[PDB]
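Participant: Experimental coordinates follow, after the sequence.
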Amino acid sequence: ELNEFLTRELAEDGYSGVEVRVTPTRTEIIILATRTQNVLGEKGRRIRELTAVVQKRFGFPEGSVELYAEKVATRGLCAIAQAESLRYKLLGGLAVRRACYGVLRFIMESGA
Amino acid sequence: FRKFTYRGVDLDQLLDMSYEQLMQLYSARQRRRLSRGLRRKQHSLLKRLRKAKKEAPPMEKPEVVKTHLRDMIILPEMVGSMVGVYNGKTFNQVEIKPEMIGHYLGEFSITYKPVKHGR
Amino acid sequence: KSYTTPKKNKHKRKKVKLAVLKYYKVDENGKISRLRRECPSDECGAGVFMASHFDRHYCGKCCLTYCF
Amino acid sequence: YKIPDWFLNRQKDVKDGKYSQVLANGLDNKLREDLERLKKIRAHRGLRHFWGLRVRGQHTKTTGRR
Amino acid sequence: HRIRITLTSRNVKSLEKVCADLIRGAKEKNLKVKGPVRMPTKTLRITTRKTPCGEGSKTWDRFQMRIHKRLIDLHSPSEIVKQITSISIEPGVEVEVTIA
Amino acid sequence: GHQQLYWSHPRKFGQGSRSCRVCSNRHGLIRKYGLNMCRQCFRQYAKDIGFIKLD
Amino acid sequence: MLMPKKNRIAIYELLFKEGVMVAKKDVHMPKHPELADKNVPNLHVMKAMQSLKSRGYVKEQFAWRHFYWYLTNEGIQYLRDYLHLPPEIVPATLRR
RNA sequence: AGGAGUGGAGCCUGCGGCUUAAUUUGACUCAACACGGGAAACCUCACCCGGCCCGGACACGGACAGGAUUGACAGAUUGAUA
RNA sequence: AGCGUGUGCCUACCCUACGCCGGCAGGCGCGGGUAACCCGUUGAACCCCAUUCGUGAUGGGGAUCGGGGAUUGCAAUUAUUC
């Protein structure tokens, strides 16, 4: 439900998945995505929005869940990163053939 | 010809009898039904049929009191009343002679039309 | 599409212009003659007035009835 | 002769209120009376007996097929 | 003093790495340790139809979800275990320390 | 009143009480291990929950 | 949607004091699980917040069966102008 | 080569037909017919016969605080303390 | 015997030993278990052994149908189930 919600919210922001570490006293939940500067917002506005969301929805206590937003190293070999890439290229108004070769050319040069 | 009785009990003997004593007389389904407790939900529509029960005007057949209630028990208290059993479409004019006691008003209504066969 | 029975209307609210003057009676002096009964319920102290129907009294929101 | 009430083919009878075993010629009489009782009151059960159909709540679509 | 660590995990190699670190964590600090008891692994099972409608040949998927439980007993003081168990855990494993 | 009729019919049991926690629909529900999640949703999210096809 | 005014003020105070508010798509929920003691039904929360959405004050994201409402800068100005709040104080998402 | 059958009997059940206010409906050779995880008393429910509610955002123009609107026990009325 | 399941988010609804009442379905007490801990050493059926039966639609078969008794539920009549 976390991963679905973060897919619907952070799609255009270059989303690539979650990793949740259920530690004592804290929940070290790490968003792995391409653009860290886009997901975090303006001086960490959208970090704190997403913590407040996850807090109020899943019934975590006051600040016992804190989010990070780390960077995808070699994002050409992440599947859902290149899926959403192709998704927002087509939705942007680009032609189907050019977009697909564009993704395929990038993920080949990325070293796949 | 003869004076009709339920189980081994005359109608006036049935009629001035408590619910707790009337339980031990009719079948186990109706014991269960009326033992669950007095009816306070939209089953206080059963309690509102008790008001339509207590509206027999002077000497004739009383007017039709209608029901979307097919799970209602035909109590001896009820007998003589003119009831409209809802099929879902139509209110069937049903009188209740004293041999209906125990049964449900809904069963007496056909509900579904009989099925002759064209081909 | 076309139906058989003629339509059912909604209850139109019989709105009254200046409905406050009826509840009191003004005196020649600076006093009052309160016509309609005040609600003895706990929710509304002595501000809310009861209805003055032809054969009993009633209050709206506390839903309290008094027959003669 | 101390046979219990739970053991008889007519328990808590509708007309006399007595627990009694009913035997051949009486049983045929009491079955006729039970169908005739349900018939006269015009109950759904008695009506299904009158029409020669399944009464205890079967599906008549595919079975009953005489 | 008799402290009972319950290691429950979905993965085995992550659970075997954690219980191996807690034997090394009990051998280096020289506290008496009853070995890691392998509990009978529980295979959570869901068998659905593959078809979102009803209109194919009746194929079935059969989703397992193995959950492995270990448990380790230590003859250790409380604050020594608080130090050991807080170090080097990996997120697959769930650790429940019983005091007594 | 309308508030006495709006939600007064019981929703205590039956497949008109519990529903999918994604679809919100009333059919093919996996109640086992408190999934409470229709069979098409589970088949979508199996991988994400920890359910794996092996045998 | 016609609401008791005290409810709508309680919802807007809760939307402001924290930078976000969430709710389940459940019209038949007599008490909102957070804003509980101030007796608001969930449908009053849904219909208040989609009224905030329509005139472009709050941002809508919907997952599985849960609405999520992010309060945006126009919504900030509308609520401090509406509730008569000081412009000194911020929602809990603008504070670090 | 055989084994156990099925097709025959009863019933359970699904489908066509008939019927019906409605008998909700998808799928009809293998690859429709105990299939829709579909064993439906209500709910499910989509069908039929009735009756409630707006859960018609927002924008615009009127009505309007001299009150726009909410709700409401009787007695009728209704199936109903809708 | 061997796979399992078992007290829930909203969600009420768990699996049950043991002791009394009842023929039975079942009821009332009190326990244990969020489980290799309790139900559970899962005292399962077929099978195994000893009676009755005797080629008869028979003690094969248990459809249909009458009367009664309990449980689930807000409600069982178009028989819920037993």
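Facilitator: Noted; the coordinates are in hand. Numbers count the residues shown, from 1 in each chain, chains lettered A, B, ... in the order given.
Participant: OK, contacts around residue B:7?
Facilitator: B:25-26, D:12-14, D:16-17 (C-beta atoms under 8 Å, 6 or more residues apart in numbering or on different chains). Yep, even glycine has a C-beta here, placed from its N, CA and C like the rest.
Participant: distance of it from residue B:99?
Facilitator: 12 Å (C-beta to C-beta, to the nearest Å).
Participant: Relative to residue G:34, how far out is the nearest residue to residue G:26 once chain neighbours are set aside?
Facilitator: Distances taken as C-beta to C-beta, 6 or more residues apart in numbering or on different chains put residue G:42 closest to residue G:26, at 5.2 Å, once the chain neighbours are dropped. Computed as C-beta to C-beta, the residue G:42 to residue G:34 distance reads 10 Å.
Participant: The two: which has the busier surroundings?
Facilitator: Neighbour totals were compared for residue G:42 and residue G:34, and residue G:42 leads with 20 against 14 (other C-beta atoms under 10 Å in any protein chain shown).
Participant: Quick check: phi and psi on that one?
Facilitator: For residue G:42, the backbone dihedrals (degrees, to the nearest 10) come out as phi -70, psi -30.
Participant: Now do the contacts for it.
Facilitator: By C-beta under 8 Å, 6+ apart, the neighbours of residue G:42 are G:23-24, G:26-27, G:29-32.
Participant: How many residues are close by residue 55?
Facilitator: No chain was given, so I picked chain A. So residue A:55, with other C-beta under 10 Å, has 21 neighbours.
Participant: my bad, the chain I had in mind was chain F
Facilitator: Neighbour number of residue F:55 under other C-beta under 10 Å is 5.
Participant: How about residue C:31?
Facilitator: Residues near residue C:31, counting by other C-beta under 10 Å, number 8.
Participant: Now chain E against chain D: closest residue?
Facilitator: residue E:54 (21.2 Å; C-beta to the nearest C-beta).
Participant: In three-state terms, label that residue for me.
Facilitator: coil (DSSP: H, G, I helix; E, B strand; the rest coil).
Participant: distance of it from residue G:25?
Facilitator: 28 Å.
Participant: The two: which is more packed in?
Facilitator: Set residue E:54 next to residue G:25 and count neighbours by other C-beta under 10 Å: residue G:25 wins out with 14 against 7.
Participant: Name the helix or strand for the residue nearest to residue G:3 when sequence neighbours are not counted, please.
Facilitator: Once flanking residues are discounted, residue G:3 sits nearest to residue G:44: 5.1 Å by C-beta to C-beta, 6+ apart. Per DSSP states H and E, residue G:44 falls inside helix G:42-54.
Participant: Likewise for residue E:48?
Facilitator: Counting by DSSP H and E, residue E:48 is part of strand E:42-49.
Participant: Now do the contacts for the one residue sitting closest to the centre of chain C.
Facilitator: By C-alpha atoms, centre = their mean, the mean C-alpha position of chain C lies nearest to residue C:51, the distance being 4.3 Å. The neighbourhood of residue C:51, defined by C-beta under 8 Å, 6+ apart, consists of C:36, C:57-60.
Participant: Just want the residue of chain A that's nearest chain B.
Facilitator: Closest point on chain A to chain B, by C-beta to the nearest C-beta, is residue A:59, at 33.3 Å.
Participant: Count residues in the vicinity of that residue, would you?
Facilitator: Neighbours of residue A:59 (other C-beta under 10 Å): 8.
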